[PDB]
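The block underneath contains the structure these notes are about, expressed in structure tokens.
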Amino acid sequence: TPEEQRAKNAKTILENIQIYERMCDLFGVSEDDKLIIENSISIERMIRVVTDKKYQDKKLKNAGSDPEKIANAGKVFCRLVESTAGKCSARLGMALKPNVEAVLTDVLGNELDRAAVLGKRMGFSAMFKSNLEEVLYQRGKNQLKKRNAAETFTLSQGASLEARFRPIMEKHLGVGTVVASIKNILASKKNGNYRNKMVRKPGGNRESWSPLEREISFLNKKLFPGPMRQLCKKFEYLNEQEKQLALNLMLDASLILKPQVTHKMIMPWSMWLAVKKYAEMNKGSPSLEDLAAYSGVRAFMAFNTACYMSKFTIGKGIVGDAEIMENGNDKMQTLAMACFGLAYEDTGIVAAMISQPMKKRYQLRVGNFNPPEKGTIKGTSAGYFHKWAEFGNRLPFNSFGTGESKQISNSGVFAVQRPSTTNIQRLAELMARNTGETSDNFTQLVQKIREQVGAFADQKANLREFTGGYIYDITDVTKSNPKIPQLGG
RNA sequence: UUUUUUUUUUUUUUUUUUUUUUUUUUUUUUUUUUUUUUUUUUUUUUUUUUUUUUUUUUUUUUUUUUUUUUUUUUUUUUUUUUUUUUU
């Protein structure tokens with residue numbers, strides 16, 4: 001089956017490629033300029049705007065009698081990079097919404113109303129944009145609405161998304177994204193700035209239910225087994241302030257605790273195009289199905305492949321303010337961060353894989369990715385993840401558990417006078433948990449969080465990776481060369 | 001001490017809590033501003049005083065206790081009339 005999954009993935013990407021090629025020709029993009037990651041972003045952006053069904057309802061509500069509003073409902077704009085003589089600039093490409101719909105309906109089928117097929121791939125793109133926004137600008141103008149601070153922001157990977165995508169992206173969003181959503185849903189229940197809703201998810205659960213259930217379900221799919229998932233089960237029976245308080249403490253606990261939260265890679269569509277043209281310029285050996293997965297070393301193959309000759313803008317100006325500034329390899333880091341979701345990964349790990357030193361925001365420099373008045377083109381530094389690694393989704397051992405099967409209330413076939421490993425107390429706990437015990441949960445789990453943090457603050461002594469874990473060479477997807485990132489100071 | 005059935009799968013993967021590979025919604029806004037903790041641009045109360053005084057630290061104009069002595073002595077420093085040790 002996984003080979004056929006790589007094939008369906010390869011077709012999915014080939015569709016995105018065919019759309020993008022058509023989009024590039026549609027706005028008049030020069031052949032070399034098609035490679036541009038900024039152009040990837042611009043097309044992907046335009047597709048979000050067109051596909052924003054909610055905002056289209058609202059647009060209609062204010063579209064009024066004005067013939068200028070009505071004509072601009074037919075036009076679609078795309079700010080794109082165009083180059084000449086090694087210099088580069090923006091152009092305002094324009095095509096009608098039916099032109100964009102034609103390409104989309106042609107490649108994905110007339111039933112774009114299969115919200116699953118278009119929304120899956122567009123969720124992944126919107127997530128990549130959300131990633132890049134998150135590394136860029138700490139979401140300030142959105143958090144002035146979404147009302148929460150920097151630590152909450154760190155756990156809120158993917159929370160730059162338009163609301164419609166948040167259901168689609170369930171697995172990969174950082175726990176804070178869900179938490180912030182719930183906290184803001186309680187504000188919406190005061191403010192009326194919202195419409196409440198009901199949904200269903202085939203292949204997962206045919207349950208037919210609201211944001212309340214949906215969020216709690218996603219929260220259960222994320223939280224740590226035992227106490228935190230038990231708080232997740234309690235959650236419908238917390239009062240609203242108890243929900244906010246619980247959310248806060250769980251969010252804080254999630255700053256340490258790393259239960260199942262899903263990584264993903266999303267390279268830009270122009271990098272997928274770059275992979276196609278690379279395969280072409282390699283004369284019939286690099287095969288996209290070999291790269292066609294949301295997981296595993298195939299992702300590092302694809303990124304380092306893009307690291308041969310892919311192209312992007314350099315503005316002389318900065319996403320910065322002081323006189324200290326730094327090079328395109330920092331853009332290359334930013335791209336990597338956005339592509340693999342590295343924003344809360346270990347910089348030391350990354351420093352060894354990228355095989356160059358890593359950084360914090362006080363040090364990070366980049367451009368805006370938005371097509372320029374004037375600037376210059378640049379191409380990729382070779383092989384950049386000169387070491388790779390195996391991906392993953394949870395803590396090494398989470399927390400200390402019970403005996404695995406022994407030390408329970410002993411059985412006795414043989415008629416012999418005996419001691420016993422008497423354990424009726426934890427047996428009665430297992431009965432209490434499976435019967436759904438409900439008295440003293442909030443505080444109980446608050447305390448359990450307090451002491452679990454302490455236990456973890458011991459467990460750190462070995463709580464570090466899946467036990468084969470090292471930064472192997474690109475000559476060593478074979479995991480032959482186990483080596484550590486750093487000793488310390 | 002006793003007596004029969006058969007339509008969800010096999011000739012491998014670690015020290016491990018849950019479907020590990022699969023399947024759809026939509027009425028609070030976008031095509032810029034810095035090295036930054038909170039709505040940065042908006043919306044009502046009322047019973048201790050007025051139409052002057054200096055270069056200035058506190059109520060500047062107000063409100064109660066009682067067991068060691070009286071109806072004299074000099075130009076003046078301390079109990080001026082009193083109370084136990086011995087190689």
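Order determines the names: the first chain of the structure tokens is A, the second B, and so forth; residues in each chain are numbered 1 upward, and ligands are numbered 1 upward as they are shown.
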
Based on the backbone DSSP call, show me all residues of range 341-488 of chain A assigned alpha helix (DSSP H), as a PyMOL selection string.
chain A and resi 347-353+424-434+442-459

Just to be explicit: take each residue in the selection above, keep C-alpha atoms, and write the result as a JSON list (two decimals), in the first residue's frame.
```
[["chain", "number", "residue", "atom", "x", "y", "z"],
["A", 347, "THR", "CA", 18.28, 24.77, 17.06],
["A", 348, "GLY", "CA", 21.26, 22.49, 17.94],
["A", 349, "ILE", "CA", 19.71, 19.51, 16.12],
["A", 350, "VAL", "CA", 18.92, 21.80, 13.20],
["A", 351, "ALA", "CA", 22.45, 23.33, 13.31],
["A", 352, "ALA", "CA", 23.98, 19.89, 12.86],
["A", 353, "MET", "CA", 21.51, 18.85, 10.06],
["A", 424, "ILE", "CA", -5.85, -3.56, 45.70],
["A", 425, "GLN", "CA", -5.34, 0.25, 45.90],
["A", 426, "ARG", "CA", -4.20, 0.72, 42.23],
["A", 427, "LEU", "CA", -6.72, -1.97, 41.16],
["A", 428, "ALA", "CA", -9.47, 0.25, 42.69],
["A", 429, "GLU", "CA", -7.96, 3.26, 40.79],
["A", 430, "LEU", "CA", -8.25, 1.29, 37.48],
["A", 431, "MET", "CA", -11.92, 0.54, 38.40],
["A", 432, "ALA", "CA", -12.47, 4.26, 39.24],
["A", 433, "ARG", "CA", -10.96, 5.40, 35.87],
["A", 434, "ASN", "CA", -12.95, 2.82, 33.79],
["A", 442, "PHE", "CA", -10.09, 19.99, 38.30],
["A", 443, "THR", "CA", -7.88, 20.44, 41.44],
["A", 444, "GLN", "CA", -6.91, 16.70, 41.36],
["A", 445, "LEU", "CA", -5.55, 17.11, 37.81],
["A", 446, "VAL", "CA", -4.06, 20.54, 38.71],
["A", 447, "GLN", "CA", -2.12, 18.72, 41.43],
["A", 448, "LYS", "CA", -1.29, 15.85, 39.05],
["A", 449, "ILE", "CA", 0.10, 18.42, 36.60],
["A", 450, "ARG", "CA", 2.20, 20.03, 39.39],
["A", 451, "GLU", "CA", 3.70, 16.72, 40.47],
["A", 452, "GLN", "CA", 4.00, 15.37, 36.88],
["A", 453, "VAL", "CA", 6.11, 18.43, 36.04],
["A", 454, "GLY", "CA", 8.34, 17.57, 39.02],
["A", 455, "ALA", "CA", 8.55, 13.92, 37.93],
["A", 456, "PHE", "CA", 9.42, 15.07, 34.41],
["A", 457, "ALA", "CA", 11.99, 17.45, 35.91],
["A", 458, "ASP", "CA", 13.61, 14.26, 37.19],
["A", 459, "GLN", "CA", 12.89, 12.20, 34.00]]
```

Considering only C-alpha atoms (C1' of nucleotides), extract the chain B residues located within 10 Å of chain A and return them as a PDB file with N, CA and C atoms (P, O5', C5', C4', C3', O3' and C1' of nucleotides), in the first residue's frame.
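Result file is iface-v3.pdb:
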```pdb
ATOM      1  P     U B  15       7.983  -3.418  22.984  1.00  0.00           P
ATOM      2  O5'   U B  15       8.611  -2.880  24.360  1.00  0.00           O
ATOM      3  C5'   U B  15       9.477  -1.751  24.429  1.00  0.00           C
ATOM      4  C4'   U B  15       9.782  -1.359  25.897  1.00  0.00           C
ATOM      5  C3'   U B  15      10.741  -0.163  26.061  1.00  0.00           C
ATOM      6  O3'   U B  15      10.461   0.556  27.256  1.00  0.00           O
ATOM      7  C1'   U B  15      11.669  -2.043  27.093  1.00  0.00           C
ATOM      8  P     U B  16       9.580   1.891  27.228  1.00  0.00           P
ATOM      9  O5'   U B  16       8.238   1.435  26.491  1.00  0.00           O
ATOM     10  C5'   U B  16       8.135   1.477  25.051  1.00  0.00           C
ATOM     11  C4'   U B  16       6.694   1.431  24.578  1.00  0.00           C
ATOM     12  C3'   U B  16       5.599   1.709  25.618  1.00  0.00           C
ATOM     13  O3'   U B  16       4.965   2.990  25.415  1.00  0.00           O
ATOM     14  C1'   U B  16       5.033  -0.134  24.181  1.00  0.00           C
ATOM     15  P     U B  17       3.929   3.550  26.495  1.00  0.00           P
ATOM     16  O5'   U B  17       2.513   3.179  25.865  1.00  0.00           O
ATOM     17  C5'   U B  17       1.465   2.625  26.683  1.00  0.00           C
ATOM     18  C4'   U B  17       0.157   2.618  25.928  1.00  0.00           C
ATOM     19  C3'   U B  17      -0.180   3.909  25.186  1.00  0.00           C
ATOM     20  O3'   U B  17      -0.200   3.681  23.781  1.00  0.00           O
ATOM     21  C1'   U B  17      -1.778   3.453  26.934  1.00  0.00           C
ATOM     22  P     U B  18      -0.683   4.840  22.789  1.00  0.00           P
ATOM     23  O5'   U B  18      -2.164   4.393  22.409  1.00  0.00           O
ATOM     24  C5'   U B  18      -2.438   3.054  21.955  1.00  0.00           C
ATOM     25  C4'   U B  18      -3.921   2.860  21.734  1.00  0.00           C
ATOM     26  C3'   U B  18      -4.534   3.668  20.592  1.00  0.00           C
ATOM     27  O3'   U B  18      -5.601   2.938  20.004  1.00  0.00           O
ATOM     28  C1'   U B  18      -5.662   4.169  22.587  1.00  0.00           C
ATOM     29  P     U B  19      -5.303   1.819  18.905  1.00  0.00           P
ATOM     30  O5'   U B  19      -5.477   2.654  17.551  1.00  0.00           O
ATOM     31  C5'   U B  19      -4.961   2.158  16.334  1.00  0.00           C
ATOM     32  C4'   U B  19      -5.497   2.940  15.140  1.00  0.00           C
ATOM     33  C3'   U B  19      -5.392   4.449  15.325  1.00  0.00           C
ATOM     34  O3'   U B  19      -4.050   4.870  15.224  1.00  0.00           O
ATOM     35  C1'   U B  19      -7.453   3.836  14.281  1.00  0.00           C
ATOM     36  P     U B  21       2.184   2.552   7.583  1.00  0.00           P
ATOM     37  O5'   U B  21       0.707   3.134   7.724  1.00  0.00           O
ATOM     38  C5'   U B  21       0.270   3.747   8.952  1.00  0.00           C
ATOM     39  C4'   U B  21      -1.137   4.276   8.798  1.00  0.00           C
ATOM     40  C3'   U B  21      -1.933   3.693   7.636  1.00  0.00           C
ATOM     41  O3'   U B  21      -3.319   3.627   7.955  1.00  0.00           O
ATOM     42  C1'   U B  21      -1.627   6.009   7.293  1.00  0.00           C
ATOM     43  P     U B  22      -4.059   4.901   8.578  1.00  0.00           P
ATOM     44  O5'   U B  22      -4.433   5.780   7.302  1.00  0.00           O
ATOM     45  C5'   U B  22      -5.806   6.091   6.998  1.00  0.00           C
ATOM     46  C4'   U B  22      -5.876   7.237   6.017  1.00  0.00           C
ATOM     47  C3'   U B  22      -7.282   7.718   5.672  1.00  0.00           C
ATOM     48  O3'   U B  22      -7.659   8.808   6.505  1.00  0.00           O
ATOM     49  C1'   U B  22      -6.147   7.134   3.687  1.00  0.00           C
ATOM     50  P     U B  23      -9.206   9.106   6.782  1.00  0.00           P
ATOM     51  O5'   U B  23      -9.642   9.968   5.515  1.00  0.00           O
ATOM     52  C5'   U B  23      -9.396  11.386   5.464  1.00  0.00           C
ATOM     53  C4'   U B  23     -10.467  12.078   4.654  1.00  0.00           C
ATOM     54  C3'   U B  23     -11.902  11.654   4.955  1.00  0.00           C
ATOM     55  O3'   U B  23     -12.794  12.757   4.836  1.00  0.00           O
ATOM     56  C1'   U B  23     -11.421  11.229   2.687  1.00  0.00           C
ATOM     57  P     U B  24     -12.509  14.117   5.631  1.00  0.00           P
ATOM     58  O5'   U B  24     -13.967  14.722   5.846  1.00  0.00           O
ATOM     59  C5'   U B  24     -14.849  14.949   4.731  1.00  0.00           C
ATOM     60  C4'   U B  24     -14.764  16.389   4.282  1.00  0.00           C
ATOM     61  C3'   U B  24     -15.772  17.336   4.920  1.00  0.00           C
ATOM     62  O3'   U B  24     -15.209  17.944   6.077  1.00  0.00           O
ATOM     63  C1'   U B  24     -15.920  17.505   2.569  1.00  0.00           C
ATOM     64  P     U B  25     -16.155  18.697   7.135  1.00  0.00           P
ATOM     65  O5'   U B  25     -16.036  20.225   6.699  1.00  0.00           O
ATOM     66  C5'   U B  25     -17.093  20.867   5.960  1.00  0.00           C
ATOM     67  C4'   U B  25     -16.832  22.351   5.859  1.00  0.00           C
ATOM     68  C3'   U B  25     -17.386  23.194   7.002  1.00  0.00           C
ATOM     69  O3'   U B  25     -16.533  24.299   7.287  1.00  0.00           O
ATOM     70  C1'   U B  25     -18.434  23.826   4.978  1.00  0.00           C
ATOM     71  P     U B  26     -17.016  25.443   8.300  1.00  0.00           P
ATOM     72  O5'   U B  26     -17.761  26.437   7.295  1.00  0.00           O
ATOM     73  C5'   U B  26     -17.019  27.322   6.483  1.00  0.00           C
ATOM     74  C4'   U B  26     -17.957  28.246   5.716  1.00  0.00           C
ATOM     75  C3'   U B  26     -18.987  28.910   6.618  1.00  0.00           C
ATOM     76  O3'   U B  26     -18.442  29.803   7.556  1.00  0.00           O
ATOM     77  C1'   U B  26     -19.978  28.305   4.597  1.00  0.00           C
ATOM     78  P     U B  27     -19.315  30.258   8.815  1.00  0.00           P
ATOM     79  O5'   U B  27     -19.417  31.830   8.614  1.00  0.00           O
ATOM     80  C5'   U B  27     -20.269  32.411   7.613  1.00  0.00           C
ATOM     81  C4'   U B  27     -20.328  33.888   7.880  1.00  0.00           C
ATOM     82  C3'   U B  27     -20.815  34.272   9.276  1.00  0.00           C
ATOM     83  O3'   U B  27     -19.789  35.086   9.794  1.00  0.00           O
ATOM     84  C1'   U B  27     -21.737  35.682   7.621  1.00  0.00           C
ATOM     85  P     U B  28     -19.451  35.073  11.353  1.00  0.00           P
ATOM     86  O5'   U B  28     -18.073  35.869  11.426  1.00  0.00           O
ATOM     87  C5'   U B  28     -18.054  37.291  11.648  1.00  0.00           C
ATOM     88  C4'   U B  28     -16.827  37.908  11.020  1.00  0.00           C
ATOM     89  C3'   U B  28     -15.540  37.763  11.821  1.00  0.00           C
ATOM     90  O3'   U B  28     -14.365  37.562  11.018  1.00  0.00           O
ATOM     91  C1'   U B  28     -16.479  39.973  12.042  1.00  0.00           C
ATOM     92  P     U B  29     -13.839  38.711  10.026  1.00  0.00           P
ATOM     93  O5'   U B  29     -12.799  37.966   9.072  1.00  0.00           O
ATOM     94  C5'   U B  29     -11.503  38.547   8.782  1.00  0.00           C
ATOM     95  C4'   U B  29     -11.513  39.315   7.475  1.00  0.00           C
ATOM     96  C3'   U B  29     -10.546  40.498   7.409  1.00  0.00           C
ATOM     97  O3'   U B  29      -9.930  40.746   6.139  1.00  0.00           O
ATOM     98  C1'   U B  29     -12.762  41.282   7.174  1.00  0.00           C
ATOM     99  P     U B  31      -6.318  41.281   0.084  1.00  0.00           P
ATOM    100  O5'   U B  31      -4.890  41.979   0.210  1.00  0.00           O
ATOM    101  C5'   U B  31      -3.768  41.270   0.769  1.00  0.00           C
ATOM    102  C4'   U B  31      -2.506  42.087   0.622  1.00  0.00           C
ATOM    103  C3'   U B  31      -2.626  43.557   1.007  1.00  0.00           C
ATOM    104  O3'   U B  31      -1.456  44.064   1.662  1.00  0.00           O
ATOM    105  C1'   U B  31      -2.595  43.265  -1.386  1.00  0.00           C
ATOM    106  P     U B  32      -1.446  44.176   3.253  1.00  0.00           P
ATOM    107  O5'   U B  32      -0.217  45.145   3.549  1.00  0.00           O
ATOM    108  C5'   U B  32      -0.160  45.882   4.783  1.00  0.00           C
ATOM    109  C4'   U B  32       1.265  46.007   5.262  1.00  0.00           C
ATOM    110  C3'   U B  32       1.434  46.753   6.576  1.00  0.00           C
ATOM    111  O3'   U B  32       1.222  45.955   7.749  1.00  0.00           O
ATOM    112  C1'   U B  32       3.106  47.404   4.976  1.00  0.00           C
ATOM    113  P     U B  34       5.027  50.041  14.328  1.00  0.00           P
ATOM    114  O5'   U B  34       6.616  50.063  14.450  1.00  0.00           O
ATOM    115  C5'   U B  34       7.290  49.447  15.569  1.00  0.00           C
ATOM    116  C4'   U B  34       7.874  48.105  15.178  1.00  0.00           C
ATOM    117  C3'   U B  34       9.118  47.677  15.955  1.00  0.00           C
ATOM    118  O3'   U B  34       9.180  46.257  16.009  1.00  0.00           O
ATOM    119  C1'   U B  34       9.620  47.711  13.668  1.00  0.00           C
ATOM    120  P     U B  35       8.743  45.431  17.305  1.00  0.00           P
ATOM    121  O5'   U B  35      10.079  45.211  18.167  1.00  0.00           O
ATOM    122  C5'   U B  35      10.829  46.288  18.723  1.00  0.00           C
ATOM    123  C4'   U B  35      11.961  45.773  19.648  1.00  0.00           C
ATOM    124  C3'   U B  35      12.843  46.876  20.266  1.00  0.00           C
ATOM    125  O3'   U B  35      13.347  46.475  21.534  1.00  0.00           O
ATOM    126  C1'   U B  35      14.177  45.448  18.986  1.00  0.00           C
ATOM    127  P     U B  36      12.646  46.953  22.889  1.00  0.00           P
ATOM    128  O5'   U B  36      11.125  46.508  22.699  1.00  0.00           O
ATOM    129  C5'   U B  36      10.177  47.376  22.039  1.00  0.00           C
ATOM    130  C4'   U B  36       8.741  46.986  22.335  1.00  0.00           C
ATOM    131  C3'   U B  36       8.495  46.030  23.510  1.00  0.00           C
ATOM    132  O3'   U B  36       7.885  46.693  24.638  1.00  0.00           O
ATOM    133  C1'   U B  36       7.152  45.472  21.594  1.00  0.00           C
ATOM    134  P     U B  37       7.714  45.919  26.025  1.00  0.00           P
ATOM    135  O5'   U B  37       6.200  45.427  25.981  1.00  0.00           O
ATOM    136  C5'   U B  37       5.845  44.092  26.389  1.00  0.00           C
ATOM    137  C4'   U B  37       4.346  43.962  26.517  1.00  0.00           C
ATOM    138  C3'   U B  37       3.650  45.099  27.262  1.00  0.00           C
ATOM    139  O3'   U B  37       2.785  45.810  26.381  1.00  0.00           O
ATOM    140  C1'   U B  37       3.417  43.005  28.433  1.00  0.00           C
ATOM    141  P     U B  38       1.820  46.950  26.954  1.00  0.00           P
ATOM    142  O5'   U B  38       0.401  46.227  27.007  1.00  0.00           O
ATOM    143  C5'   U B  38      -0.109  45.520  25.860  1.00  0.00           C
ATOM    144  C4'   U B  38      -1.430  44.861  26.187  1.00  0.00           C
ATOM    145  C3'   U B  38      -2.594  45.810  26.467  1.00  0.00           C
ATOM    146  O3'   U B  38      -3.812  45.219  26.033  1.00  0.00           O
ATOM    147  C1'   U B  38      -2.290  44.391  28.310  1.00  0.00           C
ATOM    148  P     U B  39      -4.250  45.310  24.500  1.00  0.00           P
ATOM    149  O5'   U B  39      -5.190  46.606  24.520  1.00  0.00           O
ATOM    150  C5'   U B  39      -5.517  47.270  23.318  1.00  0.00           C
ATOM    151  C4'   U B  39      -6.652  48.268  23.522  1.00  0.00           C
ATOM    152  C3'   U B  39      -6.434  49.173  24.727  1.00  0.00           C
ATOM    153  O3'   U B  39      -5.417  50.113  24.467  1.00  0.00           O
ATOM    154  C1'   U B  39      -8.718  48.490  24.545  1.00  0.00           C
TER     155        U B  39
END
```

Which polymer residues have any atom within 9 Å of an atom of range 326-335 of chain A, counting only C-alpha atoms (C1' of nucleotides), with same-chain residues fewer than 4 positions away left out, as a PyMOL selection string?
chain A and resi 132+135-136+267+314+339-340+354+358+363-367+378+380-381+384

Atoms kept (N, CA and C atoms) for selection, written as a PDB file, in the first residue's frame:
```pdb
ATOM      1  N   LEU A 132       5.152  30.404   7.821  1.00  0.00           N
ATOM      2  CA  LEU A 132       6.040  31.482   7.410  1.00  0.00           C
ATOM      3  C   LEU A 132       5.673  32.797   8.111  1.00  0.00           C
ATOM      4  N   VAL A 135       6.978  32.466  11.852  1.00  0.00           N
ATOM      5  CA  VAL A 135       8.407  32.777  11.959  1.00  0.00           C
ATOM      6  C   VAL A 135       8.650  34.264  11.677  1.00  0.00           C
ATOM      7  N   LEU A 136       7.909  34.875  10.747  1.00  0.00           N
ATOM      8  CA  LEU A 136       8.115  36.272  10.378  1.00  0.00           C
ATOM      9  C   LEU A 136       7.829  37.219  11.539  1.00  0.00           C
ATOM     10  N   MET A 267       6.945  21.756   1.282  1.00  0.00           N
ATOM     11  CA  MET A 267       7.709  22.609   0.378  1.00  0.00           C
ATOM     12  C   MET A 267       6.748  23.443  -0.493  1.00  0.00           C
ATOM     13  N   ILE A 314      16.392  38.590  -3.568  1.00  0.00           N
ATOM     14  CA  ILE A 314      17.089  39.337  -2.536  1.00  0.00           C
ATOM     15  C   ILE A 314      16.737  40.815  -2.699  1.00  0.00           C
ATOM     16  N   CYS A 339       9.258  25.226   5.918  1.00  0.00           N
ATOM     17  CA  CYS A 339       9.007  24.002   5.170  1.00  0.00           C
ATOM     18  C   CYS A 339       8.811  22.805   6.088  1.00  0.00           C
ATOM     19  N   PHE A 340       9.644  22.654   7.115  1.00  0.00           N
ATOM     20  CA  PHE A 340       9.585  21.504   8.019  1.00  0.00           C
ATOM     21  C   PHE A 340       8.868  21.794   9.347  1.00  0.00           C
ATOM     22  N   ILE A 354      21.415  21.045   9.022  1.00  0.00           N
ATOM     23  CA  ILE A 354      21.858  22.108   8.122  1.00  0.00           C
ATOM     24  C   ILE A 354      23.376  22.285   8.149  1.00  0.00           C
ATOM     25  N   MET A 358      22.861  27.522  14.310  1.00  0.00           N
ATOM     26  CA  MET A 358      21.464  27.992  14.399  1.00  0.00           C
ATOM     27  C   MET A 358      21.223  29.094  15.444  1.00  0.00           C
ATOM     28  N   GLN A 363      18.674  37.193  16.444  1.00  0.00           N
ATOM     29  CA  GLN A 363      19.634  36.978  15.384  1.00  0.00           C
ATOM     30  C   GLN A 363      18.990  36.781  14.000  1.00  0.00           C
ATOM     31  N   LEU A 364      17.756  36.264  13.881  1.00  0.00           N
ATOM     32  CA  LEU A 364      17.167  35.915  12.565  1.00  0.00           C
ATOM     33  C   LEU A 364      16.860  37.147  11.698  1.00  0.00           C
ATOM     34  N   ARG A 365      17.322  37.160  10.439  1.00  0.00           N
ATOM     35  CA  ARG A 365      16.991  38.162   9.400  1.00  0.00           C
ATOM     36  C   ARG A 365      16.369  37.487   8.168  1.00  0.00           C
ATOM     37  N   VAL A 366      15.423  38.158   7.501  1.00  0.00           N
ATOM     38  CA  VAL A 366      14.777  37.711   6.248  1.00  0.00           C
ATOM     39  C   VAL A 366      14.105  38.892   5.511  1.00  0.00           C
ATOM     40  N   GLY A 367      13.691  38.687   4.259  1.00  0.00           N
ATOM     41  CA  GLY A 367      12.779  39.568   3.512  1.00  0.00           C
ATOM     42  C   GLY A 367      11.292  39.213   3.682  1.00  0.00           C
ATOM     43  N   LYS A 378      18.630  35.566  -6.440  1.00  0.00           N
ATOM     44  CA  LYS A 378      19.656  34.644  -5.967  1.00  0.00           C
ATOM     45  C   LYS A 378      19.164  33.202  -6.041  1.00  0.00           C
ATOM     46  N   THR A 380      20.032  28.842  -4.719  1.00  0.00           N
ATOM     47  CA  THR A 380      20.299  28.043  -3.502  1.00  0.00           C
ATOM     48  C   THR A 380      21.761  27.656  -3.266  1.00  0.00           C
ATOM     49  N   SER A 381      22.171  27.686  -1.993  1.00  0.00           N
ATOM     50  CA  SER A 381      23.402  27.048  -1.504  1.00  0.00           C
ATOM     51  C   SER A 381      23.269  25.516  -1.535  1.00  0.00           C
ATOM     52  N   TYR A 384      22.005  21.684   1.331  1.00  0.00           N
ATOM     53  CA  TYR A 384      22.044  22.402   2.607  1.00  0.00           C
ATOM     54  C   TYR A 384      21.878  21.581   3.905  1.00  0.00           C
TER      55      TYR A 384
END
```

Mind giving me the straight-line distance from CA of residue 219 in chain A to CA of residue 259 in chain A in Å, one decimal?
11.1 Å

How many Å separate CA of residue 19 in chain A from CA of residue 295 in chain A?
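Computing it gives 23.6 Å between the two atoms.
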